[PDB]
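In what follows, a single structure is set out as structure tokens and then discussed.
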Amino acid sequence: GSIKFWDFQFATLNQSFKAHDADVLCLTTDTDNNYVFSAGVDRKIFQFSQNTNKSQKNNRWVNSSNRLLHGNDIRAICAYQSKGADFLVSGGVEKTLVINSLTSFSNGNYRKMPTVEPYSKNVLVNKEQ
Amino acid sequence: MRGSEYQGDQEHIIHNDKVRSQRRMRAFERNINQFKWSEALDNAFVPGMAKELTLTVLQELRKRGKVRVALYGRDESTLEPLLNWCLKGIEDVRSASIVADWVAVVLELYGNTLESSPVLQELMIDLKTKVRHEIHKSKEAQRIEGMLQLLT
Amino acid sequence: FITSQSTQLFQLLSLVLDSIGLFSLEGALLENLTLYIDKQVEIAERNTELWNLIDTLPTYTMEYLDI
Amino acid sequence: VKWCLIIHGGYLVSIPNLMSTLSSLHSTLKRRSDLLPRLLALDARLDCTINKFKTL
Amino acid sequence: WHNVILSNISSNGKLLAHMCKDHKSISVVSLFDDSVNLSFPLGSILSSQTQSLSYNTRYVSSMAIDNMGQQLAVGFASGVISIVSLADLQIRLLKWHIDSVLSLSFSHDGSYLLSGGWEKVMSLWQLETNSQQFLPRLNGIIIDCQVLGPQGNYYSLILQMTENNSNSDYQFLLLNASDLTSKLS
Amino acid sequence: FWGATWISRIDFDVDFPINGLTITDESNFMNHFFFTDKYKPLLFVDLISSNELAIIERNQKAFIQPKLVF
Amino acid sequence: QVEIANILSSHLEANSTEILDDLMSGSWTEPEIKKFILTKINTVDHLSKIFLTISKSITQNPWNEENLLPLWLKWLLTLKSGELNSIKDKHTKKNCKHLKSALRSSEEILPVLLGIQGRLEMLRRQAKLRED
Amino acid sequence: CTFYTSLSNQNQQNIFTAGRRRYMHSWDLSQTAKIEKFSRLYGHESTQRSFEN
RNA sequence: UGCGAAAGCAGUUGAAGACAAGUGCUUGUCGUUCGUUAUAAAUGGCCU
């Protein structure tokens, strides 16, 4: 359940957070690496932030916030940024997507997509018989 | 390693801070202390659990004010052990008041579930029989008690 | 008069019964009492449960739309 | 107990002390008799639910 | 300043952070210099979820200001603690207290946050890793906490003993930080 | 018409009264009335006959995170 | 039985004062009373009126030997508790308070009579032994 | 074991001692001895199960 | 809330101002006042 930040040039630990109560199955990052989002079996999403000016000089990450959005494990998570779009898409054993906003993660609104959205129908009905 | 035997008989100052080892605490106590209300109830009804110890973990939860809280996430599969003990606890004088308390709550909290589950319905008929039998015994005791007052 | 706030009056009768003692009481009168007190107990029990009572998806189903 | 009290009623009356020599009876009987109002309250609730689902 | 609802002074005694109804707005001012002068409405710090929920979430019951003026802790009756980085008004939530938090105090350096509430448990929040250490089963609820010493040798606490509803029965504790044991009760 | 969680009916002989989590779409994609939300989620909706409407509806252990209740 | 139910059904609509007489009719039996309450009492007003009449009748004399009224009360509370408490009338609550007073005066009796009942039981056996 | 004298307040003298145990002792500097026990690691008890070094 | 036994016996829960939300109207709120004896719900549980 630990998220650890290693320095690449020296291959040594810089910070250790005991965040989750179970595995951390996925990670994702913002374009500028101002946010690191984790998720796993504990059904939570944790945000880690370095966006503060004093932090960036000190490159210390801060366990900013966490949320409970999923009914079961979170296996896959991904993040996209653009001048018009800011998505944090997550999904897992619950078989559904959850869409959040990276920049406003702690306070922003979230949408829970339908489990089945029949664009391609799997059922037909015959009027006769 | 030759120093462990020494008890400091020749030393100026003797300083002891070790806290005495306390008896290991049972599982149900661990759950109350960690605020595991529901589990503390389950540990109450396990095979080979001394009757006196079980009566406590019912009393502690009532004293803590956690009776409904311990009975929320339950169905007929996991409610049966509580009733089975209650089926036996109702007889003894000591636990009669406590079982009277818990039995009332589960009815107030699982009236609807009771209708659709046939097993629970039998548990209540059998319970209804024995609580009735207890009334008769208590009523007899009163008549004896009145009988004695006449003699004295 | 009994057999023909009632709390203390009954409790007073219990005092009468004890003072009379074992020897003095008479069987014929006793049975009339024995019947009366049983009626009261049956009533006395009866009010009690009254008092306590006062203190106390389908796979396929048919439905018509509202249009 | 009922028969002992009945037959030897006269002798028991003429005893210097009864509470000391029959303390255990009073202790036992008092414990049961105290439970009666609580049990009746339990009985009434059970009849309420038992009547309910039996009708349903 | 007008219509001040709540106020606090840094551990050094050089910064004053207070809330005024000009709903409410928090301003921090340096006392012996004009170096620090910041203000912002409470709306910015408050999340939107707490805006949806009841009033207990938007109601502050304790406040604290870091010595350097970089961090400010706000308590809420809901039991949440919100640390605000003054430089850019960024929020960080620390949520352990089930009931209202009554005492907040930063340490001298700023790395540790002493918190106390109705739980009768003192919590030292380690802000580097957001961990915590506890001093539980105190004699009463902690009205106040502080770090009293050049090197944080002693923690000074005020306890209430809310059991006695007739009177307010305060008890002052001074704990040794080395082993968290009552140096003076 | 019907979607994942809504069913509707539009009568094409009548004109109507005039009276965040997606791309803002500043870029180009390339280069009489009835509405209900009671039934959901829907797999497929169709009529059996002139007055029978067929609505088809959908009917695992997870890590325990308790909800405190006092 | 059927005639009384329809007769009772009519008076409850008519707000007649003879509701107590219809309820007290000896033709009533326990399964019928359950049937009547389930099948005919479909509106809160009828539930209230019957409860009012029964509640007042019992409170005025909780010691009547005639078990038909209490038998009515027991089944009304047993079956329609959810609908009864839904009634928010102040007057309805006040009647319950009086009724709770009248009944509870009994339950304090019971330990006394059972005490009396024991003594008579001893006394009866005393006479039997002497006779033999 | 080792003596310790604070680099600023020269009057401060203290003795730190440790063993194959989970607590460290500190003796500030004669009827009695002022000895303090360090036995809290603040969330890192896993990494440290003995102070002996 | 008053009296009293613990049981109960009587009696209450009013008015103004302001803000927020939806659409001048509706509802909810009060670190605002006057007067009368007068559900909860930020995933949030206690050291060595």
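Because the Cβ atoms are built from the backbone with ideal geometry, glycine has one as well, and the counts that use them run over all protein chains shown. Quick note: the coordinates plus some simple rules give every number you see, no bench work behind them.
A single entry from E:105, E:61, E:35, E:11 fulfils the requirement of being more than 16 Å from RNA strand I (Cβ to nearest atom), under 13 Å from the mean Cα position of the chain (by Cα) and not in a strand (DSSP E or B): E:11.
Residues that are of a type in the set (A, V, I, L, M, F, W, C) and more than 16 Å from RNA strand I (Cβ to nearest atom) within segment E:14-27 comprise E:15, E:16, listed in sequence order.
Only residues that are within 16 Å of RNA strand I (Cβ to nearest atom) and either surrounded by 13 or more Cβ atoms within 10 Å (Cβ to Cβ) or of a type in the set (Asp, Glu) (or both) were counted across segment F:19-54, and they come to 0.
Taking segment A:24-46 as the range and being part of a loop (DSSP other than H, G, I, E, B) and surrounded by 15 or more Cβ atoms within 10 Å (Cβ to Cβ) as the test, the residues that pass are A:30, A:34, A:41, A:42, A:43. The residues of segment G:30-48 that are within 14 Å of chain D (Cβ to nearest Cβ) and surrounded by 15 or more Cβ atoms within 10 Å (Cβ to Cβ), listed by number, are G:33, G:34, G:36, G:37. For segment D:12-49, the set of residues classified as in a helix (DSSP H, G or I), more than 7 Å from every other protein chain (Cβ to nearest Cβ) and among the polar types (S, T, N, Q) consists of D:23, D:24, D:27, D:28, listed by residue number. In segment C:29-38, of all residues being among the aliphatic types (A, V, I, L, M) and under 19 Å from the mean Cα position of the chain (by Cα), the one that is farthest from the other protein chains (Cβ to nearest Cβ) corresponds to C:35.
The C-beta contact set for segment E:49-60 (first residue farther than 14 Å from residue E:81 by Cβ, second residue in a helix (DSSP H, G or I) and near RNA strand I (Cβ under 6 Å from one of its atoms), distance under 6 angstrom, 6+ apart or interchain) comprises E:58/E:50.
Going by the structure shown, is residue B:106 β-branched (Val, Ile, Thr) and either within 14 Å of chain G (Cβ to nearest Cβ) or buried (at least 18 other Cβ atoms within 10 Å of the Cβ) (or both)? It is true that residue B:106 is β-branched (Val, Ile, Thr) and either within 14 Å of chain G (Cβ to nearest Cβ) or buried (at least 18 other Cβ atoms within 10 Å of the Cβ) (or both).
Residue-by-condition table, conditions (1) out of contact with any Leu (no Cβ under 9 Å at 6 or more places or on another chain); (2) among the aromatic types (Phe, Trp, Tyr); (3) in a helix (DSSP H, G or I):
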residue	(1), (2), (3)
C:1	yes, yes, no
C:36	yes, yes, yes
C:39	yes, no, yes
C:47	no, no, yes
C:51	no, yes, yes
C:67	yes, no, no
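Take the residues of segment E:77-102 that are within 10 Å of RNA strand I (Cβ to nearest atom) and of a type in the set (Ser, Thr, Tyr): which is farthest from the other protein chains (Cβ to nearest Cβ)? Only one residue fits best here, namely E:100. Within segment F:16-46, restricting attention to residues that are assigned to a strand (DSSP E or B) and at the interface with chain A (Cβ under 7 Å from one of its Cβ atoms), the residue that is nearest to residue C:67 (Cα to Cα) is F:46.
Filtering segment H:29-46 to residues that are more than 9 Å from every other protein chain (Cβ to nearest Cβ) and of a type outside the set (S, T, N, Q) leaves H:29, H:34, H:45. All conditions but one from (1) within 14 Å of RNA strand I (Cβ to nearest atom); (2) surrounded by fewer than 16 Cβ atoms within 10 Å (Cβ to Cβ); (3) more than 30 Å from residue C:18 (Cβ to Cβ) apply to residue G:59; the one that does not is (2).
In summary, residue G:7 fulfils each of the numbered conditions (1) farther than 30 Å from residue D:37 by Cβ; (2) within 11 Å of another protein chain (Cβ to nearest Cβ) with the single exception of condition (2). Of all the listed residues (B:120, B:127), the sole one being hydrophobic (A, V, I, L, M, F, W, C) and in contact with an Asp or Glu (Cβ under 9 Å, 6 or more places away or on another chain) is B:120. The single condition among (1) within 26 Å of residue A:95 (Cα to Cα); (2) surrounded by 10 or more Cβ atoms within 10 Å (Cβ to Cβ); (3) within 16 Å of RNA strand I (Cβ to nearest atom) that residue F:57 does not satisfy is (3).
Here is the figure for segment E:70-100: residues that are at positive phi, small (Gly, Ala, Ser) and over 14 Å from the mean Cα position of the chain (by Cα) total 0. Could we say that residue G:113 is of a type outside the set (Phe, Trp, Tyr), touching a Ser or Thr at 6+ places or on another chain (Cβ under 8 Å) and away from RNA strand I (no atom under 16 Å from the Cβ) here? When the stated conditions are applied, residue G:113 does not pass them. If the condition is being more than 7 Å from every other protein chain (Cβ to nearest Cβ) and either closer than 18 Å to residue G:79 by Cβ or over 18 Å from the mean Cα position of the chain (by Cα) (or both), then segment C:39-58 contributes C:55, C:57, C:58.
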